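File shown: my_file23.pdb. Contents: PDB, C-alpha atoms.
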```
ATOM      1  CA  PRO A 129      62.854-100.086  -6.838
ATOM      2  CA  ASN A 130      59.062-100.268  -6.841
ATOM      3  CA  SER A 131      59.095-102.126 -10.177
ATOM      4  CA  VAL A 132      61.582-104.241 -12.144
ATOM      5  CA  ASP A 133      61.233-105.708 -15.647
ATOM      6  CA  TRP A 134      64.375-107.077 -17.313
ATOM      7  CA  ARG A 135      62.380-107.790 -20.492
ATOM      8  CA  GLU A 136      62.551-104.005 -21.058
ATOM      9  CA  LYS A 137      66.320-103.909 -20.360
ATOM     10  CA  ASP A 138      67.612-105.687 -23.511
ATOM     11  CA  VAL A 139      68.934-108.727 -21.614
ATOM     12  CA  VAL A 140      66.085-111.262 -21.959
ATOM     13  CA  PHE A 141      65.627-113.430 -25.066
ATOM     14  CA  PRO A 142      62.202-114.355 -26.488
ATOM     15  CA  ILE A 143      60.049-117.009 -24.853
ATOM     16  CA  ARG A 144      60.988-120.557 -25.889
ATOM     17  CA  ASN A 145      59.067-123.843 -25.879
ATOM     18  CA  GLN A 146      60.386-127.010 -24.233
ATOM     19  CA  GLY A 147      57.722-129.179 -25.846
ATOM     20  CA  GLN A 148      56.971-132.439 -24.064
ATOM     21  CA  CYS A 149      60.498-133.058 -22.761
ATOM     22  CA  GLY A 150      60.834-132.311 -19.053
ATOM     23  CA  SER A 151      63.765-130.008 -19.777
ATOM     24  CA  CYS A 152      62.377-126.930 -17.988
ATOM     25  CA  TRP A 153      65.362-127.084 -15.623
ATOM     26  CA  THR A 154      67.697-126.551 -18.601
ATOM     27  CA  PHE A 155      65.570-123.674 -19.927
ATOM     28  CA  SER A 156      65.388-122.106 -16.471
ATOM     29  CA  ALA A 157      69.152-122.370 -16.010
ATOM     30  CA  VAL A 158      69.883-121.057 -19.516
ATOM     31  CA  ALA A 159      67.524-118.096 -19.087
ATOM     32  CA  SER A 160      69.197-117.042 -15.839
ATOM     33  CA  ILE A 161      72.708-117.234 -17.302
ATOM     34  CA  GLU A 162      71.842-115.432 -20.557
ATOM     35  CA  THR A 163      70.495-112.470 -18.593
ATOM     36  CA  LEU A 164      73.481-112.427 -16.241
ATOM     37  CA  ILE A 165      75.809-112.215 -19.259
ATOM     38  CA  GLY A 166      73.677-109.415 -20.693
ATOM     39  CA  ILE A 167      73.829-107.408 -17.468
ATOM     40  CA  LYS A 168      77.503-108.068 -16.736
ATOM     41  CA  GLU A 169      78.987-107.734 -20.239
ATOM     42  CA  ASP A 170      76.345-105.858 -22.278
ATOM     43  CA  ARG A 171      76.357-108.826 -24.635
ATOM     44  CA  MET A 172      73.291-110.847 -25.625
ATOM     45  CA  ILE A 173      74.258-114.447 -26.387
ATOM     46  CA  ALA A 174      71.753-117.298 -26.670
ATOM     47  CA  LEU A 175      72.889-120.417 -24.805
ATOM     48  CA  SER A 176      72.251-124.128 -25.298
ATOM     49  CA  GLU A 177      69.622-125.913 -23.224
ATOM     50  CA  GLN A 178      70.536-129.039 -25.181
ATOM     51  CA  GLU A 179      74.051-129.255 -23.731
ATOM     52  CA  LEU A 180      72.668-129.307 -20.191
ATOM     53  CA  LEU A 181      69.985-131.818 -21.153
ATOM     54  CA  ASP A 182      72.542-134.180 -22.701
ATOM     55  CA  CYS A 183      75.624-133.542 -20.544
ATOM     56  CA  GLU A 184      74.614-132.552 -16.998
ATOM     57  CA  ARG A 185      74.956-135.821 -15.077
ATOM     58  CA  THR A 186      72.895-135.275 -11.914
ATOM     59  CA  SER A 187      69.641-134.715 -13.783
ATOM     60  CA  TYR A 188      67.212-137.130 -15.450
ATOM     61  CA  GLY A 189      67.087-135.667 -18.945
ATOM     62  CA  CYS A 190      63.520-135.287 -20.150
ATOM     63  CA  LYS A 191      62.316-136.690 -16.811
ATOM     64  CA  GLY A 192      63.408-133.644 -14.795
ATOM     65  CA  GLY A 193      66.542-132.118 -13.397
ATOM     66  CA  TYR A 194      68.290-129.561 -11.231
ATOM     67  CA  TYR A 195      69.021-126.002 -12.325
ATOM     68  CA  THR A 196      71.348-125.622  -9.314
ATOM     69  CA  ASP A 197      73.509-128.495 -10.569
ATOM     70  CA  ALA A 198      73.226-127.017 -14.070
ATOM     71  CA  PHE A 199      74.836-123.861 -12.671
ATOM     72  CA  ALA A 200      77.625-125.960 -11.141
ATOM     73  CA  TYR A 201      78.155-127.655 -14.508
ATOM     74  CA  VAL A 202      78.573-124.331 -16.341
ATOM     75  CA  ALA A 203      80.990-123.080 -13.664
ATOM     76  CA  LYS A 204      83.143-126.188 -14.176
ATOM     77  CA  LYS A 205      82.689-126.879 -17.900
ATOM     78  CA  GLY A 206      81.408-123.758 -19.661
ATOM     79  CA  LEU A 207      78.415-123.726 -21.995
ATOM     80  CA  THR A 208      78.103-123.481 -25.763
ATOM     81  CA  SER A 209      75.748-121.380 -27.851
ATOM     82  CA  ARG A 210      72.225-122.261 -28.889
ATOM     83  CA  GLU A 211      73.364-121.807 -32.502
ATOM     84  CA  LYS A 212      76.139-124.401 -32.044
ATOM     85  CA  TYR A 213      73.981-126.910 -30.115
ATOM     86  CA  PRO A 214      70.274-126.425 -30.875
ATOM     87  CA  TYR A 215      67.371-127.882 -28.920
ATOM     88  CA  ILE A 216      65.965-131.077 -30.454
ATOM     89  CA  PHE A 217      63.099-131.707 -27.963
ATOM     90  CA  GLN A 218      64.638-134.939 -26.638
ATOM     91  CA  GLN A 219      67.837-135.950 -24.890
ATOM     92  CA  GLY A 220      70.638-137.095 -27.149
ATOM     93  CA  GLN A 221      74.358-137.799 -27.232
ATOM     94  CA  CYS A 222      76.305-135.425 -25.000
ATOM     95  CA  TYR A 223      78.520-133.234 -27.165
ATOM     96  CA  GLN A 224      81.271-130.999 -25.785
ATOM     97  CA  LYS A 225      81.507-128.222 -28.363
ATOM     98  CA  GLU A 226      83.458-124.977 -28.274
ATOM     99  CA  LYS A 227      82.172-123.151 -25.203
ATOM    100  CA  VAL A 228      81.085-119.522 -25.371
ATOM    101  CA  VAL A 229      80.299-118.709 -21.704
ATOM    102  CA  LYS A 230      81.203-119.674 -18.127
ATOM    103  CA  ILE A 231      79.970-118.596 -14.702
ATOM    104  CA  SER A 232      81.831-118.608 -11.405
ATOM    105  CA  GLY A 233      79.114-120.255  -9.294
ATOM    106  CA  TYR A 234      75.613-119.909  -7.900
ATOM    107  CA  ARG A 235      73.694-119.133  -4.713
ATOM    108  CA  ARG A 236      70.604-120.536  -3.007
ATOM    109  CA  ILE A 237      67.940-118.220  -1.609
ATOM    110  CA  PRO A 238      66.653-119.441   1.786
ATOM    111  CA  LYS A 239      63.319-121.239   1.726
ATOM    112  CA  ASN A 240      60.267-118.922   1.901
ATOM    113  CA  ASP A 241      62.336-115.699   1.870
ATOM    114  CA  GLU A 242      60.386-113.500  -0.531
ATOM    115  CA  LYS A 243      62.134-110.406   0.820
ATOM    116  CA  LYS A 244      65.586-111.693  -0.131
ATOM    117  CA  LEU A 245      64.092-113.007  -3.375
ATOM    118  CA  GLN A 246      63.034-109.467  -4.331
ATOM    119  CA  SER A 247      66.492-108.135  -3.520
ATOM    120  CA  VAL A 248      68.078-110.519  -6.018
ATOM    121  CA  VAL A 249      65.489-110.020  -8.789
ATOM    122  CA  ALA A 250      66.276-106.290  -8.691
ATOM    123  CA  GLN A 251      69.796-107.241  -9.866
ATOM    124  CA  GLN A 252      69.370-110.289 -12.140
ATOM    125  CA  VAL A 253      67.088-113.120 -13.306
ATOM    126  CA  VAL A 254      66.430-115.939 -10.820
ATOM    127  CA  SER A 255      65.606-119.627 -11.276
ATOM    128  CA  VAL A 256      62.584-120.840  -9.286
ATOM    129  CA  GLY A 257      60.279-123.831  -8.999
ATOM    130  CA  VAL A 258      56.481-123.746  -9.059
ATOM    131  CA  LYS A 259      53.572-126.151  -8.528
ATOM    132  CA  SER A 260      52.472-126.350 -12.171
ATOM    133  CA  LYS A 261      50.270-129.476 -12.220
ATOM    134  CA  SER A 262      46.785-127.926 -12.194
ATOM    135  CA  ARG A 263      44.122-126.983 -14.724
ATOM    136  CA  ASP A 264      44.202-123.359 -13.510
ATOM    137  CA  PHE A 265      47.969-123.029 -14.017
ATOM    138  CA  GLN A 266      47.964-124.736 -17.425
ATOM    139  CA  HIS A 267      45.068-122.597 -18.689
ATOM    140  CA  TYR A 268      46.272-119.272 -17.301
ATOM    141  CA  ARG A 269      45.785-116.521 -19.893
ATOM    142  CA  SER A 270      46.178-113.049 -18.358
ATOM    143  CA  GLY A 271      46.035-111.063 -15.133
ATOM    144  CA  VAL A 272      47.667-111.686 -11.796
ATOM    145  CA  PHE A 273      47.187-115.437 -11.348
ATOM    146  CA  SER A 274      44.724-116.286  -8.600
ATOM    147  CA  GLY A 275      43.825-119.901  -9.391
ATOM    148  CA  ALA A 276      44.848-123.126  -7.695
ATOM    149  CA  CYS A 277      48.381-124.539  -7.968
ATOM    150  CA  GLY A 278      49.591-128.106  -8.246
ATOM    151  CA  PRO A 279      50.262-130.181  -5.115
ATOM    152  CA  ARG A 280      54.063-130.182  -5.440
ATOM    153  CA  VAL A 281      56.838-128.035  -6.876
ATOM    154  CA  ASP A 282      57.523-129.738 -10.182
ATOM    155  CA  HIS A 283      58.330-127.116 -12.838
ATOM    156  CA  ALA A 284      61.424-124.964 -13.269
ATOM    157  CA  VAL A 285      60.769-121.394 -14.427
ATOM    158  CA  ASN A 286      62.335-117.943 -14.008
ATOM    159  CA  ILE A 287      61.444-114.675 -12.306
ATOM    160  CA  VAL A 288      62.378-111.764 -14.587
ATOM    161  CA  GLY A 289      60.882-108.916 -12.581
ATOM    162  CA  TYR A 290      58.192-107.668 -10.241
ATOM    163  CA  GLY A 291      55.533-105.000 -10.156
ATOM    164  CA  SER A 292      52.067-104.039  -9.005
ATOM    165  CA  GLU A 293      48.632-103.665 -10.590
ATOM    166  CA  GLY A 294      45.730-102.210  -8.643
ATOM    167  CA  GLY A 295      47.819-102.477  -5.502
ATOM    168  CA  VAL A 296      48.384-106.217  -5.969
ATOM    169  CA  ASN A 297      52.061-107.117  -5.938
ATOM    170  CA  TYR A 298      53.264-109.681  -8.446
ATOM    171  CA  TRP A 299      56.291-111.494  -9.793
ATOM    172  CA  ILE A 300      56.901-111.666 -13.546
ATOM    173  CA  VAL A 301      57.518-115.350 -14.327
ATOM    174  CA  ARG A 302      59.084-116.641 -17.560
ATOM    175  CA  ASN A 303      57.905-120.113 -18.599
ATOM    176  CA  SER A 304      59.076-122.420 -21.383
ATOM    177  CA  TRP A 305      55.618-123.389 -22.661
ATOM    178  CA  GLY A 306      55.767-121.115 -25.710
ATOM    179  CA  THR A 307      54.025-117.821 -26.320
ATOM    180  CA  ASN A 308      50.462-119.229 -26.507
ATOM    181  CA  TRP A 309      50.403-119.735 -22.718
ATOM    182  CA  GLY A 310      49.760-116.915 -20.290
ATOM    183  CA  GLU A 311      50.768-113.375 -21.213
ATOM    184  CA  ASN A 312      52.879-114.081 -24.318
ATOM    185  CA  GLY A 313      54.517-116.960 -22.446
ATOM    186  CA  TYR A 314      54.727-115.204 -19.069
ATOM    187  CA  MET A 315      52.691-115.284 -15.865
ATOM    188  CA  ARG A 316      52.224-112.643 -13.180
ATOM    189  CA  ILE A 317      52.204-114.554  -9.862
ATOM    190  CA  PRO A 318      51.190-112.843  -6.592
ATOM    191  CA  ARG A 319      54.133-111.440  -4.643
ATOM    192  CA  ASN A 320      54.210-111.394  -0.829
ATOM    193  CA  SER A 321      51.321-113.850  -0.955
ATOM    194  CA  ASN A 322      49.485-115.633   1.858
ATOM    195  CA  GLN A 323      50.903-118.954   0.629
ATOM    196  CA  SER A 324      53.996-119.836   2.636
ATOM    197  CA  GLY A 325      56.793-120.608   0.227
ATOM    198  CA  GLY A 326      55.247-118.063  -2.129
ATOM    199  CA  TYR A 327      52.238-118.465  -4.380
ATOM    200  CA  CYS A 328      52.560-121.890  -6.072
ATOM    201  CA  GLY A 329      55.701-122.375  -3.954
ATOM    202  CA  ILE A 330      57.776-119.930  -6.010
ATOM    203  CA  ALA A 331      60.054-118.997  -3.072
ATOM    204  CA  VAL A 332      60.780-122.569  -1.905
ATOM    205  CA  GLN A 333      63.943-123.364  -3.900
ATOM    206  CA  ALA A 334      65.126-120.169  -5.620
ATOM    207  CA  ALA A 335      68.673-119.990  -6.988
ATOM    208  CA  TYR A 336      70.661-117.697  -9.257
ATOM    209  CA  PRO A 337      74.014-117.813 -11.066
ATOM    210  CA  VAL A 338      77.058-115.821  -9.977
ATOM    211  CA  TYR A 339      79.185-114.233 -12.717
TER     212      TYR A 339
END
```

Could you show the structure in this file as C-alpha cells?
Amino acid sequence: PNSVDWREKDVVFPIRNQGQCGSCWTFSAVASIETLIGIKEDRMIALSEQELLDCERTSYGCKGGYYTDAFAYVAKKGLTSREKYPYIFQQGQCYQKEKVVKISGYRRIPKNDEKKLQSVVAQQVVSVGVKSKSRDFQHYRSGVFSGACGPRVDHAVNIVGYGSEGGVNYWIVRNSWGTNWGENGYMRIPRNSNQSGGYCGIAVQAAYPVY
C-alpha cells in the first residue's frame, strides 16, 4: 500500500506523556501491543506501562530499558490494564494484578532493513529506537523532520504508519512526550533516507510483538 496510517484505523490510543522518567521503552512496548490487540481482536484495551516499569527485570526502570524484553515479559506473564495499574511517573513496587492481555512472542527486524520494516508496518505497529538527544529533535513542530539527530539511539518510540508529501517518503512516529511536541505528539521522519540505519537510526533495532 502506498500509504498506511493506523491512527485512522481505530486501533491506536491517544498520545501519552512519560514525563521525566526514562520509561519510553514501556510506552513503546505498550503502544505496539495495544494496536496488535486492536487489529487481531477488534478490541481496544489500554495497557499498563507501569507494570513493565516496575516488574520487567532486565530493564533499568526510569533509567532506560528494553522493549524486546518487555515483549518477552508479556508473553510469559501477561499484562494488566492501564485502568488497573496507572502510570505514576516513577518506578514503584512491582504489582502482579489480574492480567487482561498476553502475546505469544516477538520478532526482530534486521538492522538497517527499511524494506522489511515497511512490510511489517503495513500490518501492525512497530517498536523502534531513535537518536533523540538533539535540539532539532526536541523542538520539532511540524513537517517531515530534516534536522540533526542525537549521536546515539537512546529513545524508544513507535512507527504507526508511512506516507508521502511532495514526493518525500516518511514514517509516522508516535512519541511519548505528550501532544505539545511535534504534530500532536507525532513526528514524520524521512523514509528510505540517506542515513544508514534510517533517519535518526530508526531502522537499527526495530521489533514488533507477535499475537

Point to revise | Given the PyMOL selection byres ((chain A and resi 271-281) around 12), the residues it picks as a PyMOL selection string | key: chain A and resi 192+256-270+282-285+290-301+310-312+314-319+321-323+325-334

Exercise for review: Select, from A:231, A:222, A:172, A:161, the residue with the minimum atom-to-atom distance to residue 185 in chain A, counting all atoms listed in the file.
Suggested key: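 Residue with the minimum atom-to-atom distance to residue 185 in chain A: A:222.
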
Review point. Around (66.3, -135.1, -9.6) in the file's own coordinates, what residues are found within 12 Å if you use only C-alpha atoms, given back as number ranges by chain?
Key: A: 150-151, 153, 184-198, 282-284

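Restricting the calculation to only C-alpha atoms, the smallest distance between residue 167 in chain A and any of A:228, A:254, A:139, A:248 is found for A:139.
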
Check your understanding: So which residues get picked by the PyMOL selection byres ((chain A and resi 141) around 8) here, written as a list in words?
Key ->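 With the PyMOL selection byres ((chain A and resi 141) around 8) on this model, the match is residues 135, 139, 140, 142, 143, 159, 162 and 174 of chain A.
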
How about saving the chosen residues, C-alpha atoms kept, as a PDB file, keeping the file's coordinate frame?
```pdb
ATOM      1  CA  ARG A 135      62.380-107.790 -20.492  1.00  0.00           C
ATOM      2  CA  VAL A 139      68.934-108.727 -21.614  1.00  0.00           C
ATOM      3  CA  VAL A 140      66.085-111.262 -21.959  1.00  0.00           C
ATOM      4  CA  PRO A 142      62.202-114.355 -26.488  1.00  0.00           C
ATOM      5  CA  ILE A 143      60.049-117.009 -24.853  1.00  0.00           C
ATOM      6  CA  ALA A 159      67.524-118.096 -19.087  1.00  0.00           C
ATOM      7  CA  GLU A 162      71.842-115.432 -20.557  1.00  0.00           C
ATOM      8  CA  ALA A 174      71.753-117.298 -26.670  1.00  0.00           C
TER       9      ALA A 174
END
```

**Study point:** Nearby residues (all atoms listed in the file) at most 6 Å from residue 182 in chain A, same-chain spacing under 3 positions excluded, as JSON, numbers by chain
**Key:** {"A": [179, 219, 220, 222]}

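Across the structure, CA of residue 335 in chain A and CA of residue 148 in chain A are spaced 24.2 Å apart.
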
Listed atoms of range 305-321 of chain A boxed axis-aligned with 5 Å per side, centre + edges as AutoDock Vina command-line options:
```
--center_x 52.8 --center_y -117.4 --center_z -13.7 --size_x 16.0 --size_y 22.0 --size_z 35.7
```

Check your understanding: Restricting the calculation to all atoms listed in the file, which member of A:154, A:178, A:145, A:320 is positioned closest to residue 245 in chain A?
Key -> A:320

Exercise for review: Check the smallest atom-to-atom distance from each of A:157, A:338, A:149, A:253 to residue 134 in chain A using only C-alpha atoms, then report the winner.
Suggested key: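 Ranking A:157, A:338, A:149, A:253 by distance to residue 134 in chain A, first place goes to A:253.
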
Please tabulate, as a tab-separated table, the residues of range 226-306 of chain A that come within 9 Å of range 202-217 of chain A, each with its closest pair of atoms and the distance in Å to one decimal, counting all atoms listed in the file and ordering rows by chain, then residue number upward.
```
residue	atom	partner	partner_atom	distance
A:226	CA	A:208	CA	6.1
A:227	CA	A:208	CA	4.1
A:228	CA	A:208	CA	5.0
A:229	CA	A:207	CA	5.4
A:230	CA	A:206	CA	4.4
A:231	CA	A:203	CA	4.7
A:232	CA	A:203	CA	5.1
A:233	CA	A:203	CA	5.5
A:234	CA	A:203	CA	8.5
```

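Proximity ranking of A:180, A:250, A:175, A:288 relative to residue 199 in chain A places A:180 first, based on all atoms listed in the file.
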
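Here CA of residue 221 in chain A is placed at a distance of 9.6 Å from CA of residue 181 in chain A.
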
Missing atoms of range 282-294 of chain A rebuilt to N, CA, C and O atoms, written as a compact mmCIF listing (two decimals), in the coordinates of the input:
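As written to disk, result.txt reads:
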```txt
# COMPACT_ATOMS: atom_id res chain seq x y z
N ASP A 282 57.13 -128.76 -9.18
CA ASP A 282 57.52 -129.74 -10.18
C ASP A 282 57.98 -129.12 -11.50
O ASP A 282 58.24 -129.86 -12.45
N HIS A 283 58.09 -127.80 -11.58
CA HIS A 283 58.33 -127.12 -12.84
C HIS A 283 59.30 -125.97 -12.62
O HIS A 283 59.05 -125.09 -11.79
N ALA A 284 60.43 -126.02 -13.33
CA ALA A 284 61.42 -124.96 -13.27
C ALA A 284 61.03 -123.82 -14.19
O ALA A 284 60.64 -124.03 -15.35
N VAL A 285 61.07 -122.60 -13.66
CA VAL A 285 60.77 -121.39 -14.43
C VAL A 285 61.75 -120.32 -13.99
O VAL A 285 62.73 -120.61 -13.30
N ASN A 286 61.50 -119.07 -14.39
CA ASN A 286 62.34 -117.94 -14.01
C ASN A 286 61.46 -116.79 -13.55
O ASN A 286 60.34 -116.62 -14.03
N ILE A 287 62.00 -115.98 -12.65
CA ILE A 287 61.44 -114.68 -12.31
C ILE A 287 62.30 -113.62 -12.98
O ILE A 287 63.51 -113.53 -12.71
N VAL A 288 61.68 -112.80 -13.83
CA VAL A 288 62.38 -111.76 -14.59
C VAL A 288 61.98 -110.36 -14.15
O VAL A 288 62.44 -109.38 -14.77
N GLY A 289 61.17 -110.23 -13.12
CA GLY A 289 60.88 -108.92 -12.58
C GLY A 289 59.73 -108.98 -11.60
O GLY A 289 59.24 -110.05 -11.25
N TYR A 290 59.31 -107.79 -11.16
CA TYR A 290 58.19 -107.67 -10.24
C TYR A 290 57.53 -106.31 -10.44
O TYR A 290 58.14 -105.37 -10.95
N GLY A 291 56.27 -106.24 -10.04
CA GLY A 291 55.53 -105.00 -10.16
C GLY A 291 54.25 -105.04 -9.35
O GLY A 291 54.11 -105.83 -8.42
N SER A 292 53.31 -104.18 -9.74
CA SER A 292 52.07 -104.04 -9.01
C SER A 292 50.99 -103.52 -9.94
O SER A 292 51.23 -102.60 -10.73
N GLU A 293 49.80 -104.12 -9.85
CA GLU A 293 48.63 -103.66 -10.59
C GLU A 293 47.46 -103.59 -9.63
O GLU A 293 47.13 -104.58 -8.96
N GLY A 294 46.82 -102.42 -9.57
CA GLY A 294 45.73 -102.21 -8.64
C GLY A 294 46.12 -102.47 -7.21
O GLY A 294 45.27 -102.89 -6.41
```
